[PDB]
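Residue numbers (the numbering used here), protein chains in the order written: chain A, 25 to 112; chain B, 96 to 185; chain C, 248 to 333; chain D, 829 to 1309; chain E, 5 to 52; chain F, 68 to 150; chain G, 529 to 601; chain H, 164 to 260; chain I, 81 to 161; chain J, 847 to 933. Below you'll find the structure, written out as structure tokens, and then a few comments.
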Ligand SMILES: Nc1nc2c(ncn2[C@@H]2O[C@H](COP(=O)(O)OP(=O)(O)OP(=O)(O)O)[C@@H](O)[C@H]2O)c(=O)[nH]1
Ligand SMILES: [Mg+2]
């Protein structure tokens, strides 16, 4: 068994350029979709091609799309980071 | 200045193996056998009968609870007489 | 000196009025007497205003902006939403 | 005066999860009573009255559990010796240890056998110089054949520094030789099954101690104090990398099988034995100022009048500052020796003559505090005036209480023959500390008890049960020693 | 009334005392030649 | 001020009173023979009076030996000297 | 003193249940952790109060969002 | 059946596997790594450790000059071999005293 | 791109401050930044709920009250449909 | 410069304390900790809309405070001198 550090996972995302989905901190309907550009020891996320997704309050489907681009997201607001596996 | 473990965390380390009841700030109450404890109040428990304010009575086995999300433990009375509460004369 | 907090030093060096929005939903207007790296500030000539909706006989009334004058102020850092140097 | 609360210790008996019943056994003059002395001096405030002592008498070993006048005059133990102590682990949890100090002379091994009936585990104390001796072989063979769990305490480590005066690599080879001698005797007792019952320092069931200077450690506790002194160190991995043919490469910082780096030392020699050798050498070899700076470089600080003390007293103070208390011994016994529940199941399987599917056997298997009283008495201790005896045994069910109506059952008692049975009366319950007796009104199941007034019918061993079992059930006897 | 001495001083004093200092290190040297055995032999009217 | 009998205000407005035994740098309190005191603002409407009586009713609980975290403490108040 | 690694050694290669703030649930086999307990999992499924399943793949979860762990086995 | 060394590396690896590859923190040092194993006063220290009383001490109380028996251990020890009868009798009479 | 050089490259250029509550954004020029990445920013003008609320001036923004900060090079902040 | 030392210098002053949850405290300062917690005497405490009560002492822990109102006669400029040693 080999351990996987979360910083190693972030580095793997950075070198693979896999897009990620970020939930906001107890904003259950608000997410950010984008390809990772950089991170630090405080996991502050420099994100590229990022779009803001607002979910419906009744059934949690994406309601609005807000393209935003390159963002330094604060490390204190990440709830979960999903590695969006593209259909290759 | 070595980081001395506080007397409350020492009492929590004494409380492992006993039956403790934890009240969280996220609303859950657990009654269970404290298996594992840390210096930053992360606790692993076994028996955990569950009781919340909305009445979520349930029973299950094994849990890890982080120390930031908890309010307070209740520990057995006999742990009051632990050796840490007697003043070592220096 | 060279960081953002230097504007508070500029507030110290000029004694100008500063509008502070706090996490309680209130607003402050005061002259900066002292500050630190931790953004804990001491203020003088302080006028603090806020907005409240009085509920009269179970009916939500119109929002009213009221205020209070405080001579000496010790405002603590983390509750501040934002600082405006006017 | 003790450093714990006796009421807290009586509270600790009502918990057969964290209790350990162990016997200290070994060859003659290998350091069992000195290990008990270390534990007593950790738990009792008696060092003040030992320092009011002059002449050759202040150079005497304390020998707390040697109380017979024969024991005092001959300088060796002739009787088994029980104590109950509150000892703390590394994490800070206090446990109750019920420890029997057995004699080490061969002629008195029957006392050892009596202790081996009552304990959950055996700590075998082996002197590092003499190694395994004939009584060590006898104790190993008996404890293995009776399926008693076994731990190893290598004693008298200071001799390797102060008597043999051998370099630390040769001290490692001497330690490994003694450990493999113990494992060789264990394997020779049961051929093919010695891998399950194997003592090795990387397994955590081997303790290195010097009981004259009152210190002990495992590899886990020594890696733990490295982690405390530095931080970021994983204790269990560093501990399992501190024994064997494992060499540390300091520029590569890597543990290998061979010294791939020039001048690399063995990991146990590099990290453990050379610090202890240098601690001894610099403590006994340096003046007060040089020793003060040397000990201050490791955070060790003595009182200013203690740096000019005699070298043995100074060495003891420096050792107790460096190694600390006996938490490593507590960790070893907690991890490698079972609670009275598991050992109670094994004990009822091995030495009980009645059926195991009955209710009283379920009370004895679960160490039930609220069940009917069953005590297995294997020892008799004379009083101060030697008019009568106290019966020392193990409460395995119920609570031993003063003023209790009981049936003492001899070795010849059966169902068809009730000839060897006497109805008697328990008068006072004691916790035995072998120099004082704590008067108690109750001792729960799975614990050691010293009863008065039930001695007359006991010849060698006995089974003390209640006058009547509330389910209407017959009683049986334990097997003889 | 009280003295304390360093290691070189005690070593020098021990080296200067070698005409009149004991060379016995093992107490086992005094087996059956000590006060207790002398008193026991006195009690039994025997001589070691 | 060790062992002085004290009352503690909790984050959710509850009270935690009893015999304190210990505290640390993070203001976490070991508190013996603890009584938890809870207040609820009940609207006790009498069948004869149309005005619903606003009363902050008081309810009790016993816990014994407790250990409260300093991240949820608000204020520390004196209850009584030790008996 | 730096924070020690949390005692997650028993939970390697185990399907676990994670209760997160906002009453979110994440069910997945453990992959690894750090000294802060940011937790990386494989085969992650998100669960909402309505009771449906969302496929995620292998993900990471912030430590301050982590509230409760629970072994399924 | 399996060794401690052929559990840490693997049969004849003579190296930790690089997938696990445990490494100590760079700050971690042996407890007295800079200090020498011995000192020029260490042979004398061990020699004085085994010296008879009072030479194994380094502090004490002062005694009367007549309270120091300089030759008492001569007759508290076994007599040398091949003495005259008068010397042996003197040894035994000092023992008697 | 590491975060500290990323915000060092956005000094004295058009920046959006997406705050953390109240649906508030600020448009202006990022003047100065510390190791705690607090914000001193000039020529601030403030939008709430994607509608204009007005110009303020020289503003200190504490980083804990902020969702994030981005570059505003040709980016429109009206709610897209 | 740390403002905890200025909290040390303004002891024995009758102040008003506004908390992060909303309660109001008032009375004369007994002492203040280096971790900006403060114990105060001659205390009156008003919760959210219910009846205030007075206690002889109250040790309020400082992570839940919003701000203070000091007495207007406090010589702030005299307390502004730096008595801490220069490193
Ligand atoms: N060098 C050295 N000597 C020790 C040490 N511990 C004990 N001794 C000596 O070894 C002798 C052991 O005597 P005991 O304490 O009775 O040993 P025991 O294991 O109880 O053996 P029994 O008398 O048969 O029960 C004592 O005279 C001590 O002076 C030690 O750690 N180092
Ligand atoms: Mg003995």
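Virtual Cβ for every residue (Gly too), placed ideally from N, Cα, C.
Original post:
Alpha carbon to alpha carbon, what distance is there between residue 1006 of chain D and residue 959 of chain D?
Top reply: In the fourth chain, the residue the question calls residue 959 of chain D occupies position 131. In the fourth chain, the residue the question calls residue 1006 of chain D occupies position 178. For residue 959 of chain D and residue 1006 of chain D, the distance between alpha carbons rounds to 5 Å.
Original post:
Closer than 7 Å: is that where the CB of residue 861 of chain D sits relative to any heavy atom of ligand 2?
Top reply: Locating residue 861 of chain D in the fourth chain gives position 33, counting from the first residue. Of the heavy atoms belonging to ligand 2, at least one sits nearer than 7 Å to the Cβ of residue 861 of chain D.
Subject >> Near ligand 2: residue 929 of chain D beta-carbon under 7 Å from a heavy atom >> reply: Here the question's residue 929 of chain D lines up with position 101 in the fourth chain. Yes, Cβ of residue 929 of chain D sits closer than 7 Å to a heavy atom of ligand 2.
Original post:
Do we get a CB-CB distance below 8 Å when we pair residue 586 of chain G with the residues of chain D?
Top reply: On the seventh chain, position 58 is the one that residue 586 of chain G refers to. Cβ-Cβ to chain D under 8 Å: no for residue 586 of chain G.
Original post:
Taking only runs of the beta strand (DSSP E) that begin and end inside the segment 47-83 of chain A, which ones reach a length of at least 3 residues, in chain order?
Top reply: Qualifying beta strand (DSSP E) stretches, in chain order: 51-62, 69-79.
**OP:** Measure from the C-beta of residue 553 of chain G to each C-beta in chain A and report whether the shortest distance is under 8 Å.
**Re:** Numbered from 1 along the seventh chain, position 25 holds the residue referred to as residue 553 of chain G. False, the Cβ-Cβ gap to chain A never drops below 8 Å.
Subject >> Within 8 Å of chain G by C-beta, residues of the segment 1058-1091 of chain D in sequence order >> reply: Within the segment 1058-1091 of chain D, those residues whose Cβ lies closer than 8 Å to any Cβ of chain G are, in chain order, 1059, 1060, 1062.
Original post:
Short check: CB of residue 979 of chain D to CB of residue 1164 of chain D, under 8 Å?
Top reply: If you number the fourth chain from 1, residue 979 of chain D lands on position 151. If you number the fourth chain from 1, residue 1164 of chain D lands on position 336. Against a cut-off of 8 Å, the Cβ pair of residue 1164 of chain D and residue 979 of chain D comes out as a contact.
Original post:
How would you write the range of the beta strand (DSSP E) that residue 7 of chain E sits in, first residue to last?
Top reply: Here the question's residue 7 of chain E lines up with position 3 in the fifth chain. Element bounds for residue 7 of chain E: 6-8.
**OP:** Work out the CA separation of residue 331 of chain C and residue 861 of chain J for me, nearest whole Å.
**Re:** The count along the tenth chain starts at 1 and reaches residue 861 of chain J at position 15. The count along the third chain starts at 1 and reaches residue 331 of chain C at position 84. So the alpha carbons of these two residues sit roughly 27 Å apart.
Subject >> Range of the contiguous alpha helix (DSSP H) that encloses residue 218 of chain H >> reply: For the purposes of this step, residue 218 of chain H is taken as the residue at position 55 of the eighth chain. Careful: residue 218 of chain H lies outside any alpha helix (DSSP H) and carries neither H nor E.
Subject >> Contact list for residue 1098 of chain D against chain H, beta-carbon separation under 8 Å >> reply: Residue mapping note: residue 1098 of chain D aligns to position 270 of the fourth chain, counting from 1. When 8 Å is used as the limit between beta carbons, residue 1098 of chain D is near these residues of chain H: 193, in chain order.
Subject >> Min CB distance residue 280 of chain C to chain K below 8 Å >> reply: This model lacks chain K altogether; the protein chains it does include are A, B, C, D, E, F, G, H, I and J.
Subject >> Rounded distance between the beta-carbons of residue 107 of chain B and residue 136 of chain B, thought under 8 Å >> reply: Along the second chain, one-based indexing puts residue 136 of chain B at 41. Along the second chain, one-based indexing puts residue 107 of chain B at 12. Yes, they are in contact, since the Cβ atoms of residue 136 of chain B and residue 107 of chain B sit about 7 Å apart, within 8 Å.
Original post:
Should residue 891 of chain J be flagged as near chain C, meaning a C-beta pair shorter than 8 Å?
Top reply: Reading the tenth chain from its first residue, position 45 is the one you call residue 891 of chain J. At a cut-off of 8 Å between C-beta atoms, residue 891 of chain J does not count as an interface residue with respect to chain C.
Original post:
Would DSSP call residue 893 of chain D helix, strand or coil?
Top reply: Sequence index remark: in the fourth chain, residue 893 of chain D carries index 65 (1-based). Correct three-state label for residue 893 of chain D: coil.
Original post:
What residues from chain B crowd round residue 922 of chain D, counting only those whose CB sits closer than 7 Å?
Top reply: One-based indexing of the fourth chain puts residue 922 of chain D at position 94. Within chain B, 109, 177, 178 have C-beta atoms less than 7 Å from the C-beta of residue 922 of chain D, given in sequence order.
Original post:
Run through DSSP, which three-state label would residue 307 of chain C get?
Top reply: Taking the first residue of the third chain as 1, we reach residue 307 of chain C at position 60. Annotated three-state conformation of residue 307 of chain C is strand, per DSSP.
Subject >> Contact list for residue 932 of chain J against chain C, beta-carbon separation under 8 Å >> reply: In the tenth chain, residue 932 of chain J corresponds to position 86, counting from 1. Residues of chain C passing the Cβ test: none, with the nearest at roughly 17 Å.
Original post:
Looking at C-beta atoms only, is the number of pairs between the segment 572-592 of chain G and the segment 99-106 of chain A that lie closer than 8 Å three or more?
Top reply: Touching, yes, given that three or more Cβ pairs across the two stretches are closer than 8 Å.
Subject >> Nearest neighbour of residue 1145 of chain D, chosen from D:1108, D:1169, D:1155 [CA to CA] >> reply: For this step, residue 1145 of chain D is matched to residue 317 along the fourth chain. The residue from D:1108, D:1169, D:1155 with its alpha-carbon nearest to that of residue 1145 of chain D is D:1108.
Original post:
Relative to ligand 1, is the shortest distance from any of its heavy atoms to the C-beta of residue 1039 of chain D smaller than 7 Å?
Top reply: Stepping through the fourth chain from its first residue, residue 1039 of chain D is reached at position 211. Answer for residue 1039 of chain D: yes, Cβ within range of ligand 1.
Original post:
residue 935 of chain D: beta carbon under 7 Å from a heavy atom of ligand 4?
Top reply: Looking for ligand 4 in the displayed structure turns up nothing; the ligands present are ligand 1 and ligand 2.
Original post:
Are there 16 or more other CB atoms within 10 angstroms of the CB of residue 205 of chain H, so buried, or fewer, so exposed?
Top reply: Against the eighth chain, residue 205 of chain H aligns to sequence position 42. Looking at its Cβ environment, which holds 16 or more other Cβ atoms inside 10 Å, residue 205 of chain H is buried.
Original post:
Using a threshold of 7 Å, is the CB atom of residue 903 of chain D nearer than that to any non-hydrogen atom of ligand 2?
Top reply: Indexing the fourth chain from 1 puts residue 903 of chain D at position 75. No, Cβ of residue 903 of chain D sits at least 7 Å from all heavy atoms of ligand 2.
Original post:
With 8 Å set as the bound, which would you pick, yes or no: does the beta-carbon of residue 1136 of chain D sit closer than that to a beta-carbon of chain E?
Top reply: Taking the first residue of the fourth chain as position 1, residue 1136 of chain D is located at position 308. Among the CB atoms of chain E, one or more fall inside 8 Å of the CB of residue 1136 of chain D.
Original post:
So, is residue 71 of chain F buried or exposed, given that buried needs 16 or more other C-beta atoms within 10 angstroms?
Top reply: Here residue 71 of chain F refers to the residue found at position 4 of the sixth chain. Burial call: exposed.
**OP:** Could you work out which residue in G:547, G:563, G:594, G:593 is closest to residue 600 of chain G when comparing CA atoms only?
**Re:** The residue given as residue 600 of chain G occupies position 72 in the seventh chain. Minimum Cα distance to residue 600 of chain G is reached at G:547.
**OP:** Give the range of the alpha helix (DSSP H) segment to which residue 233 of chain H is assigned.
**Re:** Here residue 233 of chain H is taken as the residue at index 70 of the eighth chain, counted from 1. Run containing residue 233 of chain H: none; DSSP gives neither H nor E here.
Original post:
Would a C-beta distance cut-off of 8 Å place residue 93 of chain F and residue 101 of chain B closer than the cut-off?
Top reply: The residue you call residue 93 of chain F lines up with position 26 of the sixth chain. The residue you call residue 101 of chain B lines up with position 6 of the second chain. In contact: residue 93 of chain F and residue 101 of chain B (Cβ atoms closer than 8 Å).
Subject >> Counted within 10 angstroms of its Cβ, other Cβ atoms place residue 1031 of chain D as buried (16 or more) or exposed >> reply: Counting from one through the fourth chain, the residue named residue 1031 of chain D turns up at place 203. With 16 or more other Cβ atoms within 10 Å, it is buried.
Subject >> Contacts of residue 1110 of chain D in chain H (Cβ-Cβ under 8 Å) >> reply: Within the fourth chain, residue 1110 of chain D is the residue found at index 282, counting from 1. What residue 1110 of chain D touches in chain H: 195, 198, 202.
**OP:** Select from D:867, D:1004, D:1106, D:963 the residue whose C-alpha is nearest the C-alpha of residue 1126 of chain D.
**Re:** Taking the first residue of the fourth chain as 1, we reach residue 1126 of chain D at position 298. The shortest CA-to-CA distance from residue 1126 of chain D to any of D:867, D:1004, D:1106, D:963 is the one to D:1106.
**OP:** Using the Cα positions of residue 1235 of chain D and residue 1214 of chain D, report the straight-line distance between them to the nearest angstrom.
**Re:** Sequence index remark: in the fourth chain, residue 1235 of chain D carries index 407 (1-based). Sequence index remark: in the fourth chain, residue 1214 of chain D carries index 386 (1-based). Roughly 24 Å between the two C-alpha positions.
**OP:** State whether the segment 117-124 of chain F contacts the segment 21-31 of chain E, with contact taken as three or more CB pairs (one from each stretch) at a distance under 8 Å.
**Re:** Output reads no: the segment 21-31 of chain E does not touch the segment 117-124 of chain F.
**OP:** In the DSSP assignment, find the alpha helix (DSSP H) that holds residue 16 of chain E and state where it starts and stops.
**Re:** To locate residue 16 of chain E, count along the fifth chain from 1; it is residue 12. Start and end: 11-20.
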